[PDB]
Amino acid sequence: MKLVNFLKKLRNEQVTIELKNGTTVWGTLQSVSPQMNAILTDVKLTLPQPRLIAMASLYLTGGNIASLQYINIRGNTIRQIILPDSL
Amino acid sequence: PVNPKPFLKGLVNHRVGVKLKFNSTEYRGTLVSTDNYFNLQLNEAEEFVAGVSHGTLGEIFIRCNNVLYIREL
Amino acid sequence: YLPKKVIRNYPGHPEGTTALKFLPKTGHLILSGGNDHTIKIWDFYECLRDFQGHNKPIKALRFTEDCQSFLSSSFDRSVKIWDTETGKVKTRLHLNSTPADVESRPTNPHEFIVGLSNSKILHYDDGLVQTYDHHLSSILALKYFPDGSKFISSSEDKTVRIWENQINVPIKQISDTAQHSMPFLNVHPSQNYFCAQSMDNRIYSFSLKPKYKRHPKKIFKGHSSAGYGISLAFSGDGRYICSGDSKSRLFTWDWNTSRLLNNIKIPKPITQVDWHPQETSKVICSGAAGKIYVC
Amino acid sequence: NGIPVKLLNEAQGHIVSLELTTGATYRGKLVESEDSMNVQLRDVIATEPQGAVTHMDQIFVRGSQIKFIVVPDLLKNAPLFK
Amino acid sequence: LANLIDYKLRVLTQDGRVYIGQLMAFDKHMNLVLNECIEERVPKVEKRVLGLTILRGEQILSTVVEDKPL
Amino acid sequence: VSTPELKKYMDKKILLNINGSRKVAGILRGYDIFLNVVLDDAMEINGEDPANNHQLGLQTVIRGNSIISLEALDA
Amino acid sequence: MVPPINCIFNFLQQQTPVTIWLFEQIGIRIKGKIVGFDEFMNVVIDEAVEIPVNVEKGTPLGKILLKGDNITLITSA
Amino acid sequence: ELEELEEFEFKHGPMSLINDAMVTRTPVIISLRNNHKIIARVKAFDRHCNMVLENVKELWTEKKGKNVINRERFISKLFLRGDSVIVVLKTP
RNA sequence: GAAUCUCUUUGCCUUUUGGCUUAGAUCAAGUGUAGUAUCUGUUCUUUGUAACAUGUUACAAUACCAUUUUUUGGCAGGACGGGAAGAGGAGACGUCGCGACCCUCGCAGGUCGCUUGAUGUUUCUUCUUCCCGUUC
RNA sequence: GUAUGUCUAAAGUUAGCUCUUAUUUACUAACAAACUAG
Ligand SMILES: [Mg+2]
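Residues numbered from 1 in each chain as written, not as in the entry; some residues may be left out. Chains lettered and ligands numbered in written order. Part of a larger assembly, values for the part shown. Heavy atoms only, no water. Residues with missing side-chain atoms left out of burial classes, pairs and counts.

- Listed as the method for this PDB entry is cryo-EM; the listed resolution is 3.7 Å.

## Focus on the packing of aromatic side chains
- Summed over the entire model, instances satisfying the criterion amount to 19 aromatic pairs over all chains.
- Consider the rings of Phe6 of chain A and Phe79 of chain H, whose centres lie 6.3 Å apart with planes at 5 degrees: the pair is stacked. Separated into two different chains, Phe6 of chain A in helix α1 (residues 4–7) and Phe79 of chain H in strand β4 (residues 69–80) make up a pair that spans both.
- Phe79 of chain H sits in the buried class, given a relative accessible area of 1%.
- With 6.0 Å between their ring centres and 70 degrees between their planes, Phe63 of chain C and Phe70 of chain C make a pair best called edge-to-face.
- In this structure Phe70 of chain C comes out as buried when scored by relative accessible area, which is 0%. (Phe/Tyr/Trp six-rings, centres within 6.5 Å; stacked < 30°, edge-to-face > 60°. Helix = DSSP H or I, 4+ residues; strand = E, 2+ residues; numbered from the N terminus. Buried < 20%, exposed > 50% of the residue type's maximum accessible area, 1.4 Å probe, protein only.)

## Some thoughts on the protein's contact with RNA strand J
All names here are of chain C.
- Neighbouring RNA strand J are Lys209, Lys211, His215 and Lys217.
- At the protein interface, 80% of the atoms of RNA strand J within 4 Å belong to sugar or phosphate.
- Contacts to RNA strand J include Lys209, whose side-chain N or O atom sits 3.1 Å from a phosphate oxygen.
- Here a phosphate oxygen of RNA strand J and a side-chain polar atom of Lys217 are 2.8 Å apart.
- Per-class residue counts for the surface near RNA strand J are no nonpolar, one polar and three charged. (Near = heavy atom within 4 Å. Polar contact = N/O pair within 3.5 Å; in protein donor to acceptor, adjacent residues only side chain to side chain. Nonpolar A, V, L, I, M, F, W, Y, C, P; charged D, E, K, R; others polar.)

## Topic: the sheet that holds strand β17 (residues 241–244) of chain C
All names here are of chain C.
- If you trace the three strands from one edge of the open sheet to the other, you get β17-β18-β19, paired in antiparallel fashion. Among the strands making up the open sheet, the edge pair consists of β17 and β19 (260–264). Here the average twist between neighbouring strands, direction ignored, is 20 degrees.
- As judged from the four bridges shared by β17 and strand β18 (residues 250–253), these two strands associate in the antiparallel manner. Residue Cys242 lies in a different strand from β18, and its bridge partner there is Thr252. (Pairing = 2+ DSSP bridges. Axes fitted to C-alpha atoms, helices over the stretch in contact; angles between N-to-C directions.)

## Re the interface of chain G and chain F
- Taken residue by residue, the interface counts 24 residues in chain G and 23 residues in chain F.
- Summed over the three residues of chain G that lose the most area to chain F, namely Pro4, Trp21 and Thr72 of chain G, the buried surface amounts to 23% of that side.
- Residue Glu44 of chain F is joined to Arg29 of chain G by a salt bridge in which the shortest nitrogen-to-oxygen separation is 2.8 Å.
- Our count for the contact surface shared by chain G and chain F stands at 11 residue pairs in polar contact.
- Elements with a minimum of two residues in the side of chain G that touches chain F: α1 (5–14) and β5 (73–74) of chain G. (Contact = heavy atoms within 4.5 Å. Buried area = accessible area lost by both parts, 1.4 Å probe. Salt bridge = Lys/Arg side-chain N within 4 Å of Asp/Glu carboxyl O.)

## Section: the pairing of strand β1 (residues 13–18) of chain F
All names here are of chain F.
- When β1 meets strand β2 (residues 22–30), the two strands line up antiparallel, connected through six bridges. Bridging from a neighbouring strand, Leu15 pairs with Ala25 of β2.
- Between β1 and β2, which follow one another and run antiparallel, lie three residues, and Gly20 among them has a positive phi close to 80 degrees.
- As paired strands, β1 and strand β6 (residues 67–72) are joined by five bridges and run antiparallel to one another. Its bridge partner being in β6, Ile18 is matched across the sheet by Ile67.

## A closer look at a negative patch on the surface
Residues and elements named next belong to chain H.
- A cluster of acidic side chains, namely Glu3, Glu4, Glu6 and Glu7, defines a negative patch on the protein surface.
- Here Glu6 is to be found in helix α1 (residues 2–11).
- Taking relative accessible area as the criterion, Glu6 reaches 37% and is therefore assigned partly exposed. (Patch = residues over 30% accessible without salt bridge, like charges linked within 9 Å, V, L, I, M, F, W, Y side chains within 5 Å. Areas by Shrake-Rupley, 256 points an atom, 1.4 Å probe, with all protein chains shown as cover. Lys, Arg positive; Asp, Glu negative; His and termini not counted. Charge placed at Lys NZ, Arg CZ, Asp CG, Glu CD.)

Right, dumping it as structure tokens:
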């Protein structure tokens, strides 16, 4: 049905979220919103290869790989979230 | 006064062309189906890159979010 | 939407709370004129102030569209214009008769109409301006038109007279052989209908046309409104009609079929009924108890 | 309703600053704020992203081109502490 | 996020600018209001103090929590 | 949707700036809930220094997703 | 004193040749004749001619349904 | 019966190739807005063309100071926002 | 077998014609304004769970891609750093600072230098020597 | 226009349908171009 409710099955799942600015988030979802807004924990984000804007955002955080205790991401910014292979 | 959903469902089974919003890519093919929200489904799609052909692709879908226009050839 | 539950308390006077109205288009305040005590304002919950300077009960408490000052119609032959912000003395109309409902023209804060019970109506400014003497009986309730510019009067006679902006002569005087009277009346908010209580327990509805004749089947019959000064009400943009009765009951109404919808058993004759101009489903009512039950 | 929109509706009669999504900043007196974050702004002093500074009488920016408004700091005491 | 009320939020907007401020309230559209917000562009360097500002949820990319309250 | 109050700007020479850094002056004839703005006396202000009088009385209309802002030239 | 959906249709009755601008693409414009539209300003246009803004040429494209989300500014000639 | 008018316009509308690729379990190639061509199988389809894929073989392009090289990775499980979706193309 | 309820018919009249004379007598010959009443013409519509003292708080279920928000207008010995000197980075627009000959004078930052202060747009086109830190 | 009829605090009695809108028709007027009532 609504695949927003598919992401609500993914609580405490160790995923890798990729964002629209190229930000690669790696961590575990605590919960997700009905507008796909994803809160996460124990997550360090990389800005893969390039090192060539966004990058500024990564340095904005105590973060290139920076890890933050709690991260809330707007659901409109997600390109694709990779789920654990055992699922 | 051909309104768009009367325009385009009547334009089914015609070799139509669609320019994307990026203008790097166009698609020429027969429009098979179109919903109310203007998603497009083309068969025998030939990709036109910057106005020159890229190659034959086949049964194709185009998201609503990228259709700049659609033309009849 | 329909009121269905008796929600909030609002314990006002232990006396009657004989007048309830709203600020138009800003549902923040109410008014409550009890029998012995003076006017109280409830918010939404809270309370603001008393308005000392009355001795007798109050018929009606009408605002302006400037909304800063309301108009008090007490039984003590005295009309007082009170600010809702400070509560000072603009005028003190010591009158000859016990005044009826005291209203204001929507254009000017100057233009200001006081009904009496010695069959007269007096127009005022910020100070007599023009009399009005065509009713034979004590005048009961008043209205206006969209944005004013004319005026509506009805009495203990069955007559309703549309008077104009400072003109004695009625355009239409509305009378048949079977009408009891028109003791209270409110403008339907599309500003084209004309609803009025009548003591055949029925709420008649006329037009606002030059050919001013009534329309059939829009008559609201199932009441006990015979011996009490009961108010009318209208929802936002005219979806229903609420009206109290003497069964300690509040009765709502449709428009196209005009049939009974909710016969509530609110704990004394329910008289004063107002809607919200903001909340599209809730209705404030008070009878002779003083506890202001909101539906 | 929306609490930020309710916050912005109380900001009428106050001097704000509006930075736009292309980058330009609009400092002016907020008189009329719409429910869709549209704002009528009087006596606006405007600054380009490159630094070109002008003053204008009336500006009216749509919702979806606003980065952020800055309301004056008197608002944060009441009625939005609850 | 209602859990996250009244914390300092290091919130990352669309253009790489980072806002740090105390979360006064949020809504359905993630419109944020920030007490004593500061704005920094290039990443301590290049920061501007704004104060009580709004922040529309159209521009936020992510928000993280900075510190505890008082 | 609330009506965007531009009644103060009716029959007024306003200055719409547009996505792609376009700037178009004109006199307002109408608007809607999507802020789609109708302009009498269309004046395209191009880049260097012409001023393209575009539609002098033929009442152009601009879609609300492309309107950045507007300055009333008069009060 | 004309709301804009009543100001699209007067291009349609009088059948005027119409110049339409795209959205965040300033190099190209489209000119043609308005033949149909909807409530979301998705416009079907007749005799559609591209206008390279940077002498202004044209490639005749004829019938085009231009999707309204790229429509910016509606004029005529 | 709200859902049947939703799902039968879904059936022979433009969502057919996302409905046919999954049923026949045939890989469709997906080109996104940042040129991440994704050839993958479909597990599920959504209203927004949200897609859950399996054995994803994302291929993209990295440009440097000489001949462009091809970078590709295999992703076993993938969830994809429909916003990046431009083209769903089924290969026979 | 004793009796209740509902019908049909009959009987009672049940809101059931309460004076008289010359049928008591005689019947528009306009208009305008207005009022009342009616017809016709015309247009629109069809819940569980937890905590605290019946109430309050928290979390889930039920109710929801078209321009202003969340379903994208997107993409394309050796190294390093700083300061100084010599030989073949510079000009605009603003935005905040170190000095002051200035202004101003009290309890509820404006102006001028910078004598090499910081910083974002926007156009054009490095080597040698010494000193101080980090690394092997 | 009469007859005639009706109203009038100064004084305080003890706890098909819903609708806008115009034409027509009917009955009325001591309302108009110095006076006429049972
Ligand atoms: Mg007689």
